[PDB]
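For reference, the structure is listed below as structure tokens.
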Amino acid sequence: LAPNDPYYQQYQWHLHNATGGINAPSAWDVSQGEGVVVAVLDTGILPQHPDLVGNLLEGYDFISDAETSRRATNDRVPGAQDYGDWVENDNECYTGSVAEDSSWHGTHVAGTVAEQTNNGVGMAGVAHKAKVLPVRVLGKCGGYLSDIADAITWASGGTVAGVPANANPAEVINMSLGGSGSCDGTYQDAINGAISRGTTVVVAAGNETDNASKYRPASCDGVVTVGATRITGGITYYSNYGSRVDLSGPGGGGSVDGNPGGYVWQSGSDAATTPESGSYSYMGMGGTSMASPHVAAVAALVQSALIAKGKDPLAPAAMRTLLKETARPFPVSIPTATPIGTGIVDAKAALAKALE
Ligand SMILES: *C(=O)[C@H](Cc1ccccc1)NC(=O)[C@H](CC(C)C)NC(=O)[C@@H](NC(=O)N[C@@H](Cc1ccccc1)C(=O)O)[C@@H]1CCN=C(N)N1
Ligand SMILES: [Ca+2]
């Protein structure tokens with residue numbers, strides 16, 4: 001499928017480039033992810049972006065701190081509107097932090113997952129007939145472990161005190177987020193709960209040019225940990241590495257690969273602070289955060305294709321194995337001290353093996 005989205009051909013190398021893309025054109029001849037729900041646990045969403053509307057579920061906002069969520073109370077509430085995660089001043093988030101503009105990070109990630117495609121508008125998405133379940137866990141200066149843990153529980157169909165039952169449990173959770181430290185205790189348990197309910201959990205490896213074993217959820221047991229590659233097919237300058245990394249997706253090399261080749265391109269906004277301060281746009285961003293949803297969406301394509309043929313969904317372990325086994329080997333040597341998994345997720349190869 002060669003979709004008609006106006007910026008697809010020039011900007012979206014991560015979809016269709018021969019050394020650094022995920023083989024999406026060929027994959028889309030087989031599956032577009034119809035029938036699956038992917039939970040995007042992130043900064044929230046711009047729910048009326050014209051290139052996403054139609055693919056979104058209402059979702060929920062798990063941030064329990066008014067100052068972080070920018071909402072009127074410390075309550076968690078239905079809907080996942082991103083209020084904007086801008087930080088006005090240096091050092092507000094930690095000693096040494098730098099002021100910056102709103103990210104609209106969750107809208108970009110949701111775009112990779114399910115941006116409306118072949119619609120004559122903007123860009124394309126990977127599992128573009130799936131639905132995104134946006135679950136807002138990150139706000140000003142980030143978010144809180146216990147909000148992130150409960151979000152995993154709910155998104156995967158478990159029960160959380162104080163939140164109504166999830167009518168749309170997700171086959172796949174994407175967490176383009178993390179912090180330093182040991183998985184485990186609260187985090188590992190929430191994750192184990194999602195796995196026991198059949199949900200595949202896909203996370204970013206992190207961006208510290210460091211061992212993924214030192215960050216969470218990158219180092220948790222039972223997740224698919226995703227490193228980041230360049231348009232070239234080689235490691236990005238920032239990608240974490242190490243034996244916990246299972247495979248990689250396109251994250252964008254940054255300035256060394258220029259514009260657009262250094263960046264992943266999707267739905268977002270140019271707003272500096274609040275949604276109203278700007279307007280719907282398409283943004284280029286780089287990180288393991290952009291690689292992770294390519295893999296999450298391939299998982300969605302696979303579940304969808306299985307259900308369409310009347311076959312059983314893969315359990316989480318089988319899904320991770322399939323994604324690793326079918327990854328395309330890197331077209332550029334990876335240094336043995338910085339391994340980033342078996343290869344770059346290959347949407348078509350994963351489909352072909354799952355349907356054999
Ligand atoms: C996209 O490339 C990155 C992926 C990533 C993976 C691993 C480690 C860090 C980052 N995604 C992001 O940076 C998220 C979106 C944008 C930057 C706007 N933001 C965060 O990940 C966010 N993390 C955060 O708030 N962590 C706190 C809660 C927590 C505790 C334990 C485990 C997981 C999360 C924390 O206390 O660590 C952001 C970046 C990393 N650090 C902070 N504080 N904020
Ligand atoms: Ca589009």
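Letters for chains follow the order of the structure tokens (A, B, ...), residue numbers begin at 1 for each chain, and ligand numbers begin at 1 in the order shown.
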
>> Give me the residues near residue 224 (chain A) as number ranges by chain, where near means some atom within 10 Å (using only C-alpha atoms) and where sequence neighbours in that chain fewer than 6 positions away do not count.
In response: A: 174, 200-205, 217-218, 244-248, 292, 295-296, 316-317, 319-321, 323-324

Using N, CA, C and O atoms, can you write the selected residues to a file as a compact mmCIF listing (two decimals), in the first residue's frame?
```
# COMPACT_ATOMS: atom_id res chain seq x y z
N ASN A 174 1.91 0.73 25.31
CA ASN A 174 3.14 1.40 24.94
C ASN A 174 3.50 2.39 26.03
O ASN A 174 2.67 3.23 26.43
N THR A 200 0.53 -7.38 25.83
CA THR A 200 1.94 -7.13 25.53
C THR A 200 2.33 -5.72 25.95
O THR A 200 1.64 -4.74 25.62
N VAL A 201 3.45 -5.61 26.68
CA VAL A 201 3.94 -4.34 27.19
C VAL A 201 5.27 -3.98 26.49
O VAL A 201 6.24 -4.75 26.56
N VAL A 202 5.27 -2.87 25.73
CA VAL A 202 6.38 -2.40 24.87
C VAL A 202 6.85 -1.05 25.42
O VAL A 202 6.01 -0.15 25.63
N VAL A 203 8.18 -0.91 25.69
CA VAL A 203 8.69 0.29 26.34
C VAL A 203 9.96 0.79 25.60
O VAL A 203 10.71 -0.01 25.02
N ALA A 204 10.22 2.11 25.74
CA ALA A 204 11.45 2.72 25.23
C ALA A 204 12.65 2.31 26.10
O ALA A 204 12.54 2.30 27.34
N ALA A 205 13.80 2.06 25.46
CA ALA A 205 15.00 1.63 26.16
C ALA A 205 15.59 2.77 26.96
O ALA A 205 16.32 2.51 27.93
N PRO A 217 10.73 1.73 32.91
CA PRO A 217 10.59 0.28 32.79
C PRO A 217 11.47 -0.53 31.83
O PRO A 217 11.22 -1.73 31.69
N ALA A 218 12.51 0.08 31.22
CA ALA A 218 13.42 -0.60 30.29
C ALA A 218 13.92 -1.93 30.86
O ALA A 218 14.03 -2.90 30.11
N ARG A 244 19.35 -6.35 27.92
CA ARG A 244 17.91 -6.23 28.12
C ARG A 244 17.20 -5.72 26.85
O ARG A 244 15.97 -5.81 26.77
N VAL A 245 17.95 -5.07 25.93
CA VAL A 245 17.29 -4.48 24.75
C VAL A 245 16.91 -5.64 23.82
O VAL A 245 17.77 -6.41 23.43
N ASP A 246 15.64 -5.74 23.43
CA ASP A 246 15.19 -6.90 22.66
C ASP A 246 15.35 -6.74 21.14
O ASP A 246 15.72 -7.70 20.44
N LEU A 247 15.05 -5.52 20.62
CA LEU A 247 15.17 -5.20 19.20
C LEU A 247 15.02 -3.67 19.14
O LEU A 247 14.94 -3.05 20.21
N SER A 248 15.10 -3.08 17.95
CA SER A 248 15.07 -1.64 17.79
C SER A 248 13.98 -1.25 16.80
O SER A 248 13.42 -2.09 16.06
N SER A 292 9.74 2.85 20.14
CA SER A 292 8.81 1.99 20.88
C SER A 292 7.43 1.87 20.21
O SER A 292 6.95 0.75 19.97
N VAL A 295 7.08 -0.55 17.30
CA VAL A 295 7.02 -1.95 17.68
C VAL A 295 5.65 -2.32 18.26
O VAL A 295 5.08 -3.35 17.88
N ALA A 296 5.12 -1.48 19.18
CA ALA A 296 3.77 -1.61 19.68
C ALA A 296 2.76 -1.74 18.54
O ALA A 296 1.81 -2.54 18.59
N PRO A 316 1.73 -12.73 25.46
CA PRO A 316 2.92 -11.85 25.50
C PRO A 316 4.29 -12.46 25.23
O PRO A 316 5.10 -11.88 24.46
N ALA A 317 4.63 -13.57 25.90
CA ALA A 317 5.92 -14.19 25.58
C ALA A 317 6.01 -14.52 24.08
O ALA A 317 7.07 -14.29 23.48
N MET A 319 4.53 -13.16 21.60
CA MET A 319 4.65 -11.94 20.82
C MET A 319 6.11 -11.42 20.83
O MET A 319 6.66 -11.12 19.77
N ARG A 320 6.72 -11.31 22.01
CA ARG A 320 8.09 -10.80 22.07
C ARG A 320 9.00 -11.67 21.19
O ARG A 320 9.86 -11.16 20.49
N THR A 321 8.85 -13.00 21.27
CA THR A 321 9.71 -13.94 20.55
C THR A 321 9.55 -13.70 19.05
O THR A 321 10.53 -13.58 18.32
N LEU A 323 8.55 -10.99 17.55
CA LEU A 323 9.07 -9.69 17.13
C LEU A 323 10.59 -9.77 17.03
O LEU A 323 11.12 -9.23 16.06
N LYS A 324 11.27 -10.45 18.00
CA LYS A 324 12.72 -10.58 17.97
C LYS A 324 13.18 -11.44 16.78
O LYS A 324 14.14 -11.07 16.08
```

>> If DSSP is run on the backbone, what residues of region 77-285 of chain A are strand (DSSP E)? A reply as a PyMOL selection string would be ideal.
In response: chain A and resi 77-78+131-136+138-139+142-143+172-175+179-180+200-204+215-216+224-229+247-250+264-269+280-285

Only N, CA and C atoms, please: the residues just picked out, written as a short mmCIF file (atom, residue, chain, number, x, y, z; two decimals), in the first residue's frame.
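Dumped to again-v8.cif:
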```cif
data_model
loop_
_atom_site.label_atom_id
_atom_site.label_comp_id
_atom_site.auth_asym_id
_atom_site.auth_seq_id
_atom_site.Cartn_x
_atom_site.Cartn_y
_atom_site.Cartn_z
N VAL A 77 -9.30 11.78 36.24
CA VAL A 77 -10.58 12.10 35.61
C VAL A 77 -10.67 11.41 34.25
N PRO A 78 -11.90 11.15 33.72
CA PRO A 78 -12.10 10.59 32.37
C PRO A 78 -11.51 11.54 31.32
N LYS A 131 -7.57 1.20 17.38
CA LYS A 131 -7.85 2.37 18.18
C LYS A 131 -6.76 2.59 19.21
N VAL A 132 -6.40 3.87 19.42
CA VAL A 132 -5.62 4.26 20.59
C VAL A 132 -6.53 4.56 21.80
N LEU A 133 -6.16 3.97 22.94
CA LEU A 133 -6.69 4.27 24.25
C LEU A 133 -5.65 5.14 24.93
N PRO A 134 -5.88 6.45 24.99
CA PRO A 134 -4.88 7.36 25.54
C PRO A 134 -5.08 7.36 27.04
N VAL A 135 -3.98 7.14 27.75
CA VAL A 135 -4.03 7.17 29.18
C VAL A 135 -2.95 8.15 29.65
N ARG A 136 -3.38 9.28 30.23
CA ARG A 136 -2.47 10.38 30.49
C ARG A 136 -1.78 10.13 31.85
N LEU A 138 1.69 11.61 32.33
CA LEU A 138 2.85 12.49 32.36
C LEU A 138 2.34 13.90 32.17
N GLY A 139 2.83 14.81 33.03
CA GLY A 139 2.49 16.22 32.90
C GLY A 139 3.74 17.11 33.05
N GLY A 142 6.97 15.66 34.15
CA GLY A 142 6.89 14.19 34.15
C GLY A 142 5.73 13.63 34.98
N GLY A 143 5.96 12.49 35.66
CA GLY A 143 4.81 11.89 36.34
C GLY A 143 5.24 11.06 37.55
N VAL A 172 -2.22 -4.26 23.74
CA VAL A 172 -0.85 -3.79 23.78
C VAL A 172 -0.81 -2.48 24.54
N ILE A 173 0.20 -2.36 25.42
CA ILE A 173 0.54 -1.13 26.16
C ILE A 173 1.87 -0.58 25.61
N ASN A 174 1.91 0.73 25.31
CA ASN A 174 3.14 1.40 24.94
C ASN A 174 3.50 2.39 26.03
N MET A 175 4.77 2.29 26.49
CA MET A 175 5.25 3.24 27.48
C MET A 175 6.51 3.91 26.97
N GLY A 179 12.59 6.30 33.95
CA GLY A 179 13.43 7.04 34.88
C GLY A 179 14.56 6.10 35.27
N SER A 180 15.50 6.57 36.09
CA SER A 180 16.60 5.68 36.41
C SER A 180 16.19 4.82 37.58
N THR A 200 0.53 -7.38 25.83
CA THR A 200 1.94 -7.13 25.53
C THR A 200 2.33 -5.72 25.95
N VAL A 201 3.45 -5.61 26.68
CA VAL A 201 3.94 -4.34 27.19
C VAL A 201 5.27 -3.98 26.49
N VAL A 202 5.27 -2.87 25.73
CA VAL A 202 6.38 -2.40 24.87
C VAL A 202 6.85 -1.05 25.42
N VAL A 203 8.18 -0.91 25.69
CA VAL A 203 8.69 0.29 26.34
C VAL A 203 9.96 0.79 25.60
N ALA A 204 10.22 2.11 25.74
CA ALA A 204 11.45 2.72 25.23
C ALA A 204 12.65 2.31 26.10
N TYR A 215 17.62 1.51 34.06
CA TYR A 215 16.45 2.40 33.96
C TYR A 215 15.18 1.54 33.99
N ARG A 216 14.02 2.17 34.21
CA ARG A 216 12.75 1.46 34.33
C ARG A 216 11.69 2.31 33.65
N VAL A 224 8.87 -5.83 26.25
CA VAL A 224 9.68 -5.72 25.05
C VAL A 224 10.39 -4.37 25.13
N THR A 225 11.73 -4.39 25.29
CA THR A 225 12.49 -3.16 25.43
C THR A 225 13.06 -2.76 24.07
N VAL A 226 12.80 -1.51 23.65
CA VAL A 226 13.07 -1.15 22.27
C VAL A 226 14.14 -0.04 22.20
N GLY A 227 15.26 -0.33 21.49
CA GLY A 227 16.33 0.64 21.21
C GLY A 227 16.02 1.47 19.96
N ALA A 228 16.92 2.39 19.59
CA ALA A 228 16.54 3.31 18.52
C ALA A 228 17.62 3.30 17.44
N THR A 229 17.17 3.24 16.18
CA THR A 229 18.05 3.28 15.03
C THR A 229 17.81 4.55 14.21
N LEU A 247 15.05 -5.52 20.62
CA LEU A 247 15.17 -5.20 19.20
C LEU A 247 15.02 -3.67 19.14
N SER A 248 15.10 -3.08 17.95
CA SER A 248 15.07 -1.64 17.79
C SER A 248 13.98 -1.25 16.80
N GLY A 249 13.59 0.02 16.88
CA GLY A 249 12.72 0.63 15.89
C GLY A 249 13.37 1.95 15.49
N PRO A 250 12.85 2.61 14.44
CA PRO A 250 13.40 3.90 14.02
C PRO A 250 13.10 4.91 15.10
N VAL A 264 11.45 11.41 13.49
CA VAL A 264 10.20 10.71 13.20
C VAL A 264 9.05 11.74 13.14
N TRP A 265 8.14 11.59 12.17
CA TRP A 265 7.19 12.65 11.82
C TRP A 265 5.75 12.19 12.04
N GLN A 266 4.98 12.96 12.85
CA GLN A 266 3.59 12.61 13.12
C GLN A 266 2.77 13.84 13.55
N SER A 267 1.45 13.65 13.72
CA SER A 267 0.52 14.58 14.38
C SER A 267 1.08 15.16 15.68
N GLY A 268 0.91 16.50 15.83
CA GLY A 268 1.24 17.21 17.07
C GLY A 268 0.67 18.64 17.01
N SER A 269 1.39 19.62 17.59
CA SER A 269 0.92 21.00 17.61
C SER A 269 2.16 21.88 17.73
N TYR A 280 -2.95 22.70 15.50
CA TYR A 280 -2.59 21.37 15.05
C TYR A 280 -1.52 21.46 13.97
N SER A 281 -0.53 20.54 14.02
CA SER A 281 0.60 20.57 13.09
C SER A 281 1.11 19.14 12.86
N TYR A 282 2.26 19.00 12.18
CA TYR A 282 2.98 17.71 12.19
C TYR A 282 4.39 18.00 12.67
N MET A 283 4.93 17.21 13.62
CA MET A 283 6.17 17.55 14.32
C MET A 283 7.20 16.46 14.05
N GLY A 284 8.48 16.84 14.05
CA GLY A 284 9.56 15.85 13.95
C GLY A 284 10.19 15.70 15.33
N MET A 285 10.33 14.46 15.84
CA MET A 285 10.89 14.28 17.17
C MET A 285 11.85 13.11 17.07
#
```

Name each residue within 8 Å of ligand 2, counting only C-alpha atoms and all ligand atoms, as a PDB file with N, CA and C atoms, in the first residue's frame.
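Resulting contents of selection-v7.pdb:
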```
ATOM      1  N   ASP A   5      -1.311  10.114   1.851  1.00  0.00           N
ATOM      2  CA  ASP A   5      -1.033  11.216   2.780  1.00  0.00           C
ATOM      3  C   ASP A   5       0.064  12.161   2.267  1.00  0.00           C
ATOM      4  N   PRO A   6      -0.234  13.485   2.145  1.00  0.00           N
ATOM      5  CA  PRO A   6       0.657  14.400   1.433  1.00  0.00           C
ATOM      6  C   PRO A   6       2.109  14.463   1.925  1.00  0.00           C
ATOM      7  N   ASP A  51      -6.014  14.635  12.047  1.00  0.00           N
ATOM      8  CA  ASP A  51      -5.428  13.429  11.427  1.00  0.00           C
ATOM      9  C   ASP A  51      -5.473  12.238  12.399  1.00  0.00           C
ATOM     10  N   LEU A  52      -6.126  12.405  13.582  1.00  0.00           N
ATOM     11  CA  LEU A  52      -6.293  11.340  14.565  1.00  0.00           C
ATOM     12  C   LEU A  52      -7.764  11.014  14.836  1.00  0.00           C
ATOM     13  N   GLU A 115      -2.084   7.019  13.400  1.00  0.00           N
ATOM     14  CA  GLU A 115      -2.503   8.209  12.659  1.00  0.00           C
ATOM     15  C   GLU A 115      -3.376   7.780  11.460  1.00  0.00           C
ATOM     16  N   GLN A 116      -4.517   8.446  11.223  1.00  0.00           N
ATOM     17  CA  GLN A 116      -5.328   8.117  10.050  1.00  0.00           C
ATOM     18  C   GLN A 116      -4.498   8.205   8.764  1.00  0.00           C
ATOM     19  N   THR A 117      -4.675   7.203   7.881  1.00  0.00           N
ATOM     20  CA  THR A 117      -3.801   6.968   6.755  1.00  0.00           C
ATOM     21  C   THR A 117      -4.629   6.819   5.469  1.00  0.00           C
ATOM     22  N   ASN A 118      -4.007   7.209   4.350  1.00  0.00           N
ATOM     23  CA  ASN A 118      -4.638   7.146   3.054  1.00  0.00           C
ATOM     24  C   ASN A 118      -5.867   8.054   3.093  1.00  0.00           C
ATOM     25  N   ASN A 119      -5.868   9.137   3.904  1.00  0.00           N
ATOM     26  CA  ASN A 119      -7.021  10.030   3.994  1.00  0.00           C
ATOM     27  C   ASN A 119      -6.758  11.378   3.308  1.00  0.00           C
ATOM     28  N   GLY A 120      -5.683  11.545   2.535  1.00  0.00           N
ATOM     29  CA  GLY A 120      -5.425  12.832   1.880  1.00  0.00           C
ATOM     30  C   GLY A 120      -5.021  13.952   2.849  1.00  0.00           C
ATOM     31  N   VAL A 121      -4.604  13.607   4.066  1.00  0.00           N
ATOM     32  CA  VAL A 121      -4.298  14.611   5.091  1.00  0.00           C
ATOM     33  C   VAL A 121      -3.017  14.226   5.847  1.00  0.00           C
ATOM     34  N   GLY A 122      -2.092  15.171   5.974  1.00  0.00           N
ATOM     35  CA  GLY A 122      -0.939  15.062   6.864  1.00  0.00           C
ATOM     36  C   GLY A 122      -0.045  13.850   6.582  1.00  0.00           C
ATOM     37  N   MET A 123       0.025  12.957   7.605  1.00  0.00           N
ATOM     38  CA  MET A 123       1.006  11.883   7.576  1.00  0.00           C
ATOM     39  C   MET A 123       0.257  10.559   7.727  1.00  0.00           C
ATOM     40  N   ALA A 124       1.018   9.438   7.792  1.00  0.00           N
ATOM     41  CA  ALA A 124       0.461   8.096   7.982  1.00  0.00           C
ATOM     42  C   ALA A 124       0.816   7.577   9.383  1.00  0.00           C
ATOM     43  N   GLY A 125       0.110   6.532   9.821  1.00  0.00           N
ATOM     44  CA  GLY A 125       0.386   5.775  11.038  1.00  0.00           C
ATOM     45  C   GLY A 125       0.544   4.270  10.718  1.00  0.00           C
TER      46      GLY A 125
END
```

>> Please identify all protein, DNA and RNA residues within 9 Å of ligand 1, counting only C-alpha atoms and all ligand atoms, and report them as a PyMOL selection string.
In response: chain A and resi 42-43+85-86+93-94+102-106+137-149+175-183+187+203-208+212+215-218+239-240+251+285-292

> Which residue out of A:1, A:107, A:58, A:163 has the minimum interatomic distance to residue 75 (chain A) when only C-alpha atoms are used?
Replying inline: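 That would be A:163, the residue with the smallest distance to residue 75 (chain A).
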